Amino acid sequence: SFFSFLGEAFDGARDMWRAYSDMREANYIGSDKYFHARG
Amino acid sequence: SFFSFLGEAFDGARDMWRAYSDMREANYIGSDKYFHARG
Amino acid sequence: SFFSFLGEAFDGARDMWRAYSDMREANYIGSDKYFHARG
Amino acid sequence: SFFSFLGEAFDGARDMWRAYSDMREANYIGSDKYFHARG
Amino acid sequence: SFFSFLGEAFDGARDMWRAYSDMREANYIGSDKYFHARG
Amino acid sequence: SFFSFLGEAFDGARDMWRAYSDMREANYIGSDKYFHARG
Amino acid sequence: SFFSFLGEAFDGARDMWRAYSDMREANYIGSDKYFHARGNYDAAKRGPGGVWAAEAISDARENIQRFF
Amino acid sequence: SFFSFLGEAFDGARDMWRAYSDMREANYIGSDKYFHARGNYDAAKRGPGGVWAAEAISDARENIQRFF
Amino acid sequence: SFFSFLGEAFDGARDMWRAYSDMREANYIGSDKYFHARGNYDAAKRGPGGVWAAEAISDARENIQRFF
Amino acid sequence: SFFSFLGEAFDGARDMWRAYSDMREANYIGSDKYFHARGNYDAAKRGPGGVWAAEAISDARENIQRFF
Amino acid sequence: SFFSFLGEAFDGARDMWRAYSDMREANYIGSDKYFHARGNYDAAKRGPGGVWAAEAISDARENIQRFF
Amino acid sequence: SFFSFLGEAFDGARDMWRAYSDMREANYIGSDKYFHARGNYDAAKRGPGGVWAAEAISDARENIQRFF
């Protein structure tokens, strides 16, 4: 549960939760990045 | 459950939740990025 | 459940939830990006 | 549960939670990065 | 539970929790980085 | 439970918790980094 | 790029590749099955699935071969 | 890039690759099964799955071969 | 890059690779099964799975071979 | 890069690789099974799994071979 | 890079590798099973798993071989 | 790099490697099973696991071989 939130029976407040993640080029199962110069 | 929210029996407030994720080029199952210069 | 929201028996407030995701070039199952210069 | 939050029967406050993670090039199951210059 | 939070029956305060992690090139199960120059 | 937090029946305070971890190139199960120059 | 192949000079090749596959219910970017569903009885007899490959190479004076 | 292959000069190759596979319910970027679901009975007889490969190479004076 | 292969000069190769596989319910970037689910009965008879490879190479004066 | 292979000059090779595998419920970057789930009964008969390889090489004057 | 292999000059090789494997429920970067779950009964009959390899090489005047 | 292998000049090799394995529930970077879970009954019949290798090499005037 990446960057998840959970609560029960709770009162809130201003800016109670803030997340500032960066996921450029992320969460890659089998995607390769390669080159093959035989020349 | 990436960047998910969950709650029960809870009172809210201004800006109770904020998320600022960046997912450029993300969540790739088999999509490769390659070049093949035989020349 | 990416960037999902869920709640029950809850009172709201101004700006209770805000999401600012960026998904340019995202969620790619088999779409490759490649070039093949034999010359 | 990476960067997850959990609570019960709790009162909130301003900026109660803040996360500033960076996940560029992260969470890679089998995605290689290589080159093969026979020439 | 990397960088997780948990509590029960607790009152909050300003900036009660802050995390400043960096995960560039992190969480890699089998993704190699190599080159093979036979030439 | 790397960099985890846990508490019960506790009152908070300003900046009650701060973490400043760096995980560049971290958490690698089988991902090698090598080269093989037969030439 | 699943089951990718590359080559040069296939001079005289034979039977180079046999990609038998069952991609049923596959490649779903966004989807929700039985989302907010209550009381649904799911008895679909999806039955056999996947490859059921058989290959018999037999030389004889008399021969009897049966498949499936 | 699953089951990737590369090569040069396949001069005279035979039976180079046999990629039998069952990719059912695979490759899901975002999905939620039985999300917020209550009372759902799930009895699908998904049945056999995966590869069931058989290969019989037999020379004889008399022969009897049966598959599945 | 699962089950990757590389080569040069496959001059006269035979039976180079046999990649039998069962990738069912695999490769999930984001997913949630039975998320927030209450009372769900899950009896799916997923049944046999994975490879069930058989290979019989037999020479004879009389022969009887049976598979599955 | 699971089960990786590399080579040069496969001049006359035979039966170089047999990658039988069961990758069911594998490769999950982000996922949550039975997340926030209450009362769920899970009786799926997932059944046999993994490789069930058999290889019989037998020469004879009379032969009887049975598989699975 | 699990079960990695490297080589040069496979001139005349035979049966070089047999990578039988069961990667079920494997390779999980982020996941949470039965997270915040209460009362869940888990009776899945996952059943046999892993490799069940058999290899019989037998020469005879009369032969009887049975597998699984 | 588990079970790594390296070599040069495999001129005439045979049966070089047999990597049978059971990688179930393996390779977990971040995960939490039964996290914050209360009252969960866990009776999964995971059953047999790991390799169950058998290898019978027998020459005879009459032969009877049985596996599993």
Side-chain angles (χ1 to χ4, degrees), chain A residues 1 4 6 8, chain B residues 1 4 6-8, chain C residues 1-2 4-9, chain G residues 24-26 28-47 49, chain H residues 24-26 28-47 49, chain I residues 24-26 28 30-47 49, chain J residues 24-25 28 30-47, chain K residues 25 31-47, chain L residues 33-45:
Chain A
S1 53
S4 193
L6 197 140
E8 177 167 0
Chain B
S1 53
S4 193
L6 197 140
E8 177 167 0
Chain C
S1 53
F2 271 75
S4 193
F5 169 95
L6 197 140
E8 177 167 0
Chain G
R24 257 185 301 174
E25 306 171 88
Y28 284 10
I29 286 144
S31 154
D32 299 283
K33 302 170 179 297
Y34 299 99
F35 182 99
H36 204 86
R38 175 138 189 176
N40 281 37
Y41 194 94
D42 177 22
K45 293 179 179 179
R46 280 283 194 280
Chain H
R24 257 185 301 174
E25 306 170 88
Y28 284 10
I29 286 143
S31 154
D32 299 283
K33 302 170 179 297
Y34 299 99
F35 182 99
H36 204 86
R38 175 138 189 176
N40 281 37
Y41 194 94
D42 177 22
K45 293 179 179 179
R46 280 283 194 280
Chain I
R24 257 185 301 174
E25 306 170 88
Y28 284 10
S31 154
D32 299 283
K33 302 170 179 297
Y34 299 99
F35 182 99
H36 204 86
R38 175 138 189 176
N40 281 37
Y41 194 94
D42 177 22
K45 293 179 179 179
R46 280 284 194 280
Chain J
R24 257 185 301 174
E25 306 170 88
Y28 284 10
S31 154
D32 299 283
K33 302 170 179 297
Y34 299 99
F35 182 99
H36 204 86
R38 175 138 189 176
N40 281 37
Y41 194 94
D42 177 22
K45 293 179 179 179
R46 280 283 194 280
Chain K
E25 306 170 88
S31 154
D32 299 283
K33 302 170 179 297
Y34 299 99
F35 182 99
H36 204 86
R38 175 138 189 176
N40 281 37
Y41 194 94
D42 177 22
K45 293 179 179 179
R46 280 283 194 280
Chain L
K33 302 170 179 297
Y34 299 99
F35 182 99
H36 204 86
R38 175 138 189 176
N40 281 37
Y41 194 94
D42 177 22
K45 293 179 179 179

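Chain letters run A, B, ... following the sequence lines, proteins first, then strands; residues in each count from 1. What you see below is based on every heavy atom in this structure, not just the backbone, and it leaves out hydrogens, waters and symmetry mates.
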Enquirer: Taking atom OH of H:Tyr41 and atom CG of I:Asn40, what is their separation to the nearest 0.5 Å?
Expert: 12.0 Å
Enquirer: To the nearest 0.5 Å, what is the distance between CG on B:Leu6 and CZ on C:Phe5?
Expert: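 The CG atom of B:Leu6 sits 8.5 Å away from the CZ atom of C:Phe5.
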Enquirer: How long is the span from the OG atom in B:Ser4 to the CZ atom in J:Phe35, to the nearest 0.5 Å?
Expert: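 CZ of J:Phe35 is found 7.0 Å from OG of B:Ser4.
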Enquirer: Distance check, rounded to the nearest 0.5 Å: I:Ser31 atom OG versus C:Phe2 atom CZ?
Expert: 10.0 Å
Enquirer: Is the shortest heavy-atom distance from the side chain of J:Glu25 to the side chain of J:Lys33 under 4.5 Å?
Expert: yes
Enquirer: Are there more than 12 heavy atoms of other residues, nucleotides or ligands under 6.0 Å from atom CZ of L:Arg38?
Expert: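 At most 12 heavy atoms, drawn from other residues, nucleotides or ligands, come within 6.0 Å of this atom.
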Enquirer: For the residue pair J:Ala37 and I:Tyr34, what are the closest heavy atoms and their distance?
Expert: CB-O, 3.7 Å
Enquirer: Which heavy-atom pair separates I:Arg24 from I:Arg46 by the least distance, and what is that distance?
Expert: NH1-O, 3.7 Å
